[PDB]
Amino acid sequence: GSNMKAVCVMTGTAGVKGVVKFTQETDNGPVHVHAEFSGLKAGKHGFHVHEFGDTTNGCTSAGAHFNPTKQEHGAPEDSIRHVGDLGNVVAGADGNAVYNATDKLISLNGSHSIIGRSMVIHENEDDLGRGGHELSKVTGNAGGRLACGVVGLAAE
């Protein structure tokens, strides 16, 4: 009675799309994340899991960053971060991007489960809460939402 794989197809109306795959060996163990994108402008783009798996009104209805530990916005590596903080996806000159990471806070089970929630890639770079701006400690000052998608359970 525990999930070990999840998938997320991300679309929008900006010419940006991608797919994210998650695998979790144990109930509370780390989660391996792998995403692929196309149509992005060269550079870094904020990448986080939002609280709602609702995409009825673009990516706006997805709400804010999944934050069950009630912390401020940070980098994946920080102790003080939103469970949903996954940092930046890097796109090359061709507009394509490959993202890989192993995270210990997100999960496919329990209270920190992202199943049924949304992944969102932003237009600007996530300053990881260090930018010294108004939204730095809240969203990373990453701006608009290019694409998003609900996170669904994947086959064994």
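The numbering used is simple: start at 1 and walk along the sequence shown.
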Looking at the entry, does 113-121 or 33-41 show the higher mean C-alpha B-factor? 33-41
Selected stretch [higher average CA B-factor]: 51-59 or 123-131: 51-59
Checking the record values for 28, 88, 100, 69, which has the greatest CA B factor? 28
Entry-reported Cα temperature factor of residue 106, expressed as the chain third it lands in: middle
What third of its chain's C-alpha B-factors does residue 92 belong to: lowest, middle or highest? highest
Select lowest, middle or highest to describe the third in which the CA B-factor of residue 13 falls within its chain in this entry. highest
